[PDB]
Amino acid sequence: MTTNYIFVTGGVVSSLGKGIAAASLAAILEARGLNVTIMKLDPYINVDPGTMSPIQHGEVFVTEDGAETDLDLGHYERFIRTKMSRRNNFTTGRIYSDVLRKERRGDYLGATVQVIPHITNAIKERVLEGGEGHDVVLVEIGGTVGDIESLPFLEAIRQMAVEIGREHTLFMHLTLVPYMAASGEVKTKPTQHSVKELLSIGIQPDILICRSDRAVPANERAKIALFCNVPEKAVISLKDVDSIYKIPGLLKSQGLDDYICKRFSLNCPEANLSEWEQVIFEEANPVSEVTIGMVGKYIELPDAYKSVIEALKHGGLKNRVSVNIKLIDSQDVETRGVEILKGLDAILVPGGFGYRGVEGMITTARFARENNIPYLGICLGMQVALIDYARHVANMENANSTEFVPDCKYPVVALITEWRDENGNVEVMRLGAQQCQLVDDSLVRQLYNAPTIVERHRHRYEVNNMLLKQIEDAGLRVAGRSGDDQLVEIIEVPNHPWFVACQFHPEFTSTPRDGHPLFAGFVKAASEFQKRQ
Amino acid sequence: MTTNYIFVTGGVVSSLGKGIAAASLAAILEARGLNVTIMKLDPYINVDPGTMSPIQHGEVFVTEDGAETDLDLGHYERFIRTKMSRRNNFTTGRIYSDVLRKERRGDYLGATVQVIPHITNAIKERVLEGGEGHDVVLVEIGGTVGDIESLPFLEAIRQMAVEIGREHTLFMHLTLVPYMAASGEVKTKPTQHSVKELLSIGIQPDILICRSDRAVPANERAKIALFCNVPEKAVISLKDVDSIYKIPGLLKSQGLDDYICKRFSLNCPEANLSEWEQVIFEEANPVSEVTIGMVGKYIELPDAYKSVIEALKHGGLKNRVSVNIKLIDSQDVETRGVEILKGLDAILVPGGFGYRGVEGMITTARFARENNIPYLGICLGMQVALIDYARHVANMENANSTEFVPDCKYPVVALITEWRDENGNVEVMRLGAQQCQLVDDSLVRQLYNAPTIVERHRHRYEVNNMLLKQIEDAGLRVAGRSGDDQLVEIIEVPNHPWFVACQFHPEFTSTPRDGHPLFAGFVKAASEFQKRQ
Amino acid sequence: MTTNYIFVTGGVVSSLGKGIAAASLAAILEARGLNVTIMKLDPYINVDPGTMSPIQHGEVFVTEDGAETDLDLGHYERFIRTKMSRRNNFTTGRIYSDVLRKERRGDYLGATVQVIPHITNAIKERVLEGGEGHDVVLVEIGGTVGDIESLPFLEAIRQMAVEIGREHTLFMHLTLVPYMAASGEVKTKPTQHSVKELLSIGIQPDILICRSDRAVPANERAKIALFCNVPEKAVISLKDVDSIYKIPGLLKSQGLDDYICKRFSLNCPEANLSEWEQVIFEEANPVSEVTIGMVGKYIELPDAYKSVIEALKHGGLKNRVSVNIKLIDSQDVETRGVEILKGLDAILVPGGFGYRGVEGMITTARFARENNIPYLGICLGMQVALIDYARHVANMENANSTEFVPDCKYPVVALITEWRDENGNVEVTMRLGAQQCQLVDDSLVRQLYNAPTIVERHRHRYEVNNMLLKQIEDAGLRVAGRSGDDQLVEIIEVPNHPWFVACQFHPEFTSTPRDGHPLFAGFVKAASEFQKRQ
Ligand SMILES: Nc1ccn([C@@H]2O[C@H](COP(=O)(O)OP(=O)(O)OP(=O)(O)O)[C@@H](O)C2(F)F)c(=O)n1
Ligand SMILES: Nc1ccn([C@@H]2O[C@H](COP(=O)(O)OP(=O)(O)OP(=O)(O)O)[C@@H](O)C2(F)F)c(=O)n1
Ligand SMILES: Nc1ccn([C@@H]2O[C@H](COP(=O)(O)OP(=O)(O)OP(=O)(O)O)[C@@H](O)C2(F)F)c(=O)n1
Ligand SMILES: [Mg+2]
Ligand SMILES: [Mg+2]
Ligand SMILES: [Mg+2]
């Protein structure tokens, strides 16, 4: 059982949806009983996206093992059931960091360390490390063919195709076929030049995925097959769609999975996309509609809350409710007031870092609590919720977090080493999955329908346990704790229809096929609030 | 006084002599009164050539400040009088090491670190750092145009030409014009394709240097000018020569310096190459001939002793003696004996590391001392000389160095921390220039004609001062000491015509125009030994 | 059985010997019992090489059917026994002329005639026309990969591989591996960049022939295989050799024919190169050595007399004589005299056109006739021999050809429509291809060919004037061969001479190293006997 590889590249432009196209193809192959995995090769010099800002890169996806990776891995876990780890995403800076250390350590034996073979061997070893043990491995190459930054990746996979052999490797190249309003037709010329650019590096593509705002006609697909040494049946058309859940069905109708199984000599049953057909039906037929407002600080780039937005979509699928997400700036709450919070069936405050716009998130958690509006807080959303309750119900004046105000009197949120009290008395970066214990007779104990749950963390500041008892007596309820130190994970307000706030990131485990219990109840409570108007 | 830059690249093949061509052009510009400097941009991932083996890379040149650089800087210091430093040579691994540390330290403010502009800006800053403050700066780009490894360098200098402006930048491209025995003509086709490859990166060359085993005719130079958008007067012919000292004269006769001074708007006097005309005359008319044998361990690549071989050439220029250097393997001395040492007018043992073939170097230093054959030892050549005298004259049985035999009874050579004696009693990496004090009435005090001298070091193991007094009483003389610890630098044997051994590397300060006092006397004593046969 | 194609291309430079390497590969395949053929695709705009000077691309080779073609076809016939014709060589101008003709008629039906597919289809139709009907077809693509002129050829052959399939197509690419004296090694970088350029057009080479002044080591051949997606066994080395007849043996030892037969699924026996080993054995074991001087007007480019030079070397094989050919300028005879013709064991005067340097050839034909030096004239070499015997023996002063002096008194050589007398009386044109010639019984050429009629190839316009011929016959000149209905003179001889033969046709176009030629064999033998008497 030799492991087969499918290398995915992109040409013409960069906004082609390589990750979505790879995840959709992997969903078809997994629907035929195959063991499939996906990996992402990023060309930036950052060692990992942990040091990158959400305003420029997007959200930082977190795997089970605790790796900060590109958000494309969120697409992978939402299309296939194979768990992603650190081996599924590495960058150019990671490769050079490995080679530089081995060179200073003297592991190359005084040899001249060069791009070929030293840099290329480092790339090929990581692809084989995260690929071996599967039937089909999809390797997404970041960047656009023809740029400097992707050449080490492209030269490395070319060498793999030669040693592994053409009988177990495929090159899938995505191109742009733009439509011109002048001639009223789509143009295949950018595709012709891109394939020539990919050939000038030594790679002959085997499958061409044509991206366009409309279906690519057979006459244009025949011309592309003529100039690119590709059979016509291997030229697939992928139009712009309103729902990425339809893409697996669109690729199967053109026989993309059949051409792959034939090349790799795989005899597997027909792809059963019945789960995806169900998701398309649920999305296309909502019975209600709600308006949930997301109050954050990174709203200038909606990709900063990628998994959060997709988690609200999955909440509406399980409840047959059309969720209309409204991005509202938390700084405008400080400027204009809670007037930009009226007319919302629910309110969600996602995570973040930095004091900019936090006082607006505290005011937003207050408006949702005084007016019985459903509220869901994630990471920073739990901090501003705990602040509001301590500052306004527990009467802890100017309660804040040490991240924002280091020398505050009431540090309800602080590092484990920074824990103190209102007088100064003391006691004698969490990443990845961690088990959590739920409190009985709580709102989250009913939803999760289980005693212990597992979620993924990405935070530094915890809830101050030396100030928790004074808030609990003020009416606040604790629903989740974890670890030997019994750190607060989930908080609730029982005198409220729906008010749950958690420290972990539940949006990293939400899928369209299986949903998520927390977002299902949050959207369900949002529609019930809309009914009572 | 804006600083002008001349970027030097190479095409077709890599063995073109880019460094020699750049050094020769810099010698012409310096002959017109201009302040010129040269820098080398290497495309390998090694942070510095310090961790590279001489068998693969060549000799490791050492500058005054103590930097381990490429051997091309040896060509630079032997053509111009501007001192080289760390700022005159950096590698791709150096650039990525800088960017990776700033990214982990958070100096990019959460931005996406990319090849452009982050990697290119790091390159442009080092070129400006080592270039500003001069009239003309020659930047040699390692590698061949069209390869992956040189693209960051080529994209970086393209951006400099745009900002600095074409009025102060030039691109000089070296190509190969091979001769075919079939058609009896030279072929310009590789040059035509190379310029197209250089244009596909965004660089339009301004001067073309045509390398060939013979002069490039005017008809071929006119065809190259036609297909490359270059004026015919800017197409220079550089044939294969028997002496690189003629290359400045060959470039001046074609007006290469005039075209550069006109572009940069420099009004300087005519190049006075009278010193180079003298060196060519001295080399072309030797009055005697000697056969000096160099006994080492890296002789399988003669470039491992690049500066040593060139230092013997400079010794013959000052004495009008034709030096015929013979590379002999020190391991063959251990196998076949001193029979491969007969018929030598002199013997030289250069530096090195490792126990392989050292016992042959000890036997060679013994054969040159018992037969009154002139001997010169550098670094390791002084260690094996001190061993022979201690092992055979001072009767220190099995005397060796701790690098080779760590637990020997007589460690005449050891680290400063490893110093001991024959019983085990103790007391209560040097790089760059260091002042040395010479002993009066010594052979080196006469040659250097000065009390204190400055030479460059590259070694770890020193002479054991606790075992030096027992060797001095055996007749051995100490000629040089340095530092507060008074480390042994130069040793001599007075009952010998010529027997000098030093710890520093004198070959790094030898030039064809000014020679070197140590190699001048060594070759002079080699001819006197030839007369007495 | 399906016809297989082997496309041959060149990179880095142009002087790689693509024709010699293709012909040598075809000789191996023919030695295995395969029906093989070759064809040359020239990228110049000339419709046919007939309108080209010999000091430009070389000699103008002539086939049996009368087609003026590139000289590479001369290498083909000297290596394989398959006869070449017009459909074995065409140019870019030939393609555009055909497409422009169909477009002016209207055969494209008001369509936009474009490089693709109209020009590319015209190329593919001609390759299939001269290719279909054989087992293996070698298509040599002229020019260097990466230039503009060869791009229509490379795109057309790329489309053929897709339609035919890779089970019957192979791409063989020749590159240059130069040796650097500065590093003492050969360089594979020009090959790497050339393959990338061939890939950017859409062609992935299958075999790489490495040309160098020495054998390419295995480490370099392994590095080339690494960067070019080519298996290491398909990287062949082809050093510079002193004798081109050794090349078939060199390609066989590296298993080039075995790799080709495996790809095309051909079951044929092992090649037998005994006929080539015999030629090498004859060439490396001479018993005598002679010096034959060739006096012409195109000596500045030795390839202008390519087939003549090779014909003299074939004559030396049949006689075990090492021939030293000395090229002499006919103009230097006009200025410096016949002083530069001393020390020659024989004199050969090839063909040509133009009055420039003809008077030096007439003087040379006189030198070899008076001093009894073996002489052989071809086309123009017969004109200057006929002029010499009429101007200096038959006493017809200022006798010349109308090509040179149109209004002369004795036009011994003129067009058939120009035939006249010394008084002006008349009687009551490009010859190309093979034509039968009848020989005279008691003649020297009759015993050499040992047959009454022969077949040789012509390329000339001016004929021997029959109206002034009988006056030269009575002067002592012998006519050895005539042809056609008009009894045009083909071969002439001088009896009072050891070996003096001149012919109108080009016998060098039928000479081969394995079979020789009867006329050149006797000429070299006569040169050996002259050297013995001195
Ligand atoms: N490698 C190539 C490819 C094409 N063409 C020339 O391209 C010309 C057609 O140009 P168009 O109509 O603008 O491009 P298209 O191919 O039709 O693809 P689309 O229209 O979807 O962008 C032919 O005359 C040609 F001649 F075919 C060329 O010269 N060289
Ligand atoms: N960009 C180009 C350049 C040239 N050529 C074509 O190249 C052809 C000449 O090819 P050669 O003689 O082998 O190369 P050379 O130019 O003479 O240089 P050298 O001989 O020193 O290598 C022209 O017909 C051409 F037509 F000029 C081309 O098609 N496209
Ligand atoms: N596609 C490529 C190929 C090579 N190189 C880089 O080319 C560099 C080696 O340079 P060289 O020695 O001059 O070329 P050679 O391959 O050895 O072939 P020859 O020497 O026979 O001409 C590597 O560091 C490299 F890194 F391998 C590159 O950057 N991109
Ligand atoms: Mg079109
Ligand atoms: Mg040419
Ligand atoms: Mg090399």
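In order, the residues displayed for chain C correspond to 1-428, 438-543 in Swiss-Prot numbering, which applies throughout.
Placed from the backbone N, Cα and C atoms, the Cβ positions cover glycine too.
Residues or ranges marked as region 'Amidoligase domain' in Swiss-Prot: C:1-266. If you look up Swiss-Prot, you'll see C:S14, C:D147, C:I148, C:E149, C:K187, C:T188, C:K189, C:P190, C:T191, C:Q192, C:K223 marked as CTP binding site. Per Swiss-Prot, UTP binding site is recorded for C:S14, C:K187, C:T188, C:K189, C:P190, C:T191, C:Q192, C:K223. If you look up Swiss-Prot, you'll see C:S15, C:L16, C:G17, C:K18, C:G19, C:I20, C:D72, C:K239, C:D240, C:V241 marked as ATP binding site, on the strength of sequence analysis. Summarising the annotation, Swiss-Prot assigns Mg(2+) binding site to C:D72, C:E140 and lists sequence analysis as the type of evidence. Annotation source Swiss-Prot lists L-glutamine binding site at C:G352, C:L380, C:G381, C:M382, C:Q383, C:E403, C:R470. The active site, nucleophile annotation in Swiss-Prot covers C:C379 and is backed by sequence analysis. Among the features that Swiss-Prot reports, active site is placed at C:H515, C:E517.
The binding-site residues recorded for this entry are C:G17, C:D72, C:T188, C:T191, C:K223, and the Cα of C:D72 lies nearest to that of C:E403 (L-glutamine binding site). Taking every protein chain shown into account, C:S14, C:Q192 are the binding-site residues, and of these the Cβ with the most other Cβ atoms within 10 Å belongs to C:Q192.
The C-beta environment of C:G352 (L-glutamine binding site), restricted to residues of the same chain at least 6 apart in sequence and closer than 8 Å, consists of C:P54, C:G296, C:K297, C:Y298, C:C379, C:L380.
Note on C:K189 (CTP binding site): other Cβ atoms within 10 Å of its Cβ, all shown chains, come to 22. Taking only the Cα positions, the spacing between C:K187 (CTP binding site) and C:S15 (ATP binding site) is 18 angstrom. Note on proximity: of the binding-site residues C:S15, C:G19, C:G381, the one nearest C:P190 (UTP binding site) is C:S15, by Cα distance. When the CA atoms are compared, no recorded positions among the candidates C:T188, C:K189, C:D240, C:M382, C:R470, C:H515 lie within 10 A of C:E140 (Mg(2+) binding site).
Proximity note: of the listed recorded positions (C:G17, C:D72, C:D240, C:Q383, C:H515, C:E517), none has a CA within 10 Å of the CA of C:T188 (UTP binding site).
Residue pair C:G381 (L-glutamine binding site) / C:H515 (active site) shows a Cα separation of 11 Å.
Candidate binding-site residues C:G17, C:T188, C:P190, C:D240 yield C:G17, C:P190, C:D240 as lying near chain B, with Cβ-Cβ distance under 8 angstroms. Apart from the site residues C:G352, C:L380, C:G381, C:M382, C:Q383, C:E403, C:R470, the chain places the Cβ of C:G351, C:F353, C:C379, C:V384, C:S401, C:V413, C:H469, C:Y471 no farther than 8 Å from the centroid of the site's Cβ atoms, the recorded L-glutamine location. Taking the binding-site residues C:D72, C:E403 in turn, the residue surrounded by the fewest other Cβ atoms inside 10 Å of its Cβ turns out to be C:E403. Checked against C:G19 (ATP binding site), the recorded positions C:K189, C:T191, C:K223, C:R470, C:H515 differ in C-alpha distance, with C:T191 being the nearest. In the three-state DSSP classification, C:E140 (Mg(2+) binding site) falls within a strand. In this structure, the recorded positions under consideration are C:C379, C:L380, C:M382, and the one with the smallest number of other Cβ atoms within 10 Å of its Cβ is C:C379. Ligand 2 lies within reach of none of the binding-site residues C:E140, C:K187, C:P190, C:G381, C:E403, judged by a C-beta closer than 6 angstroms to any of its atoms. Taking CA atoms as the reference points, C:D240 (ATP binding site) and C:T191 (CTP binding site) are 17 Å apart. Separating the Cα atoms of C:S15 (ATP binding site) and C:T191 (CTP binding site) is a whole-number distance of 15 Å.
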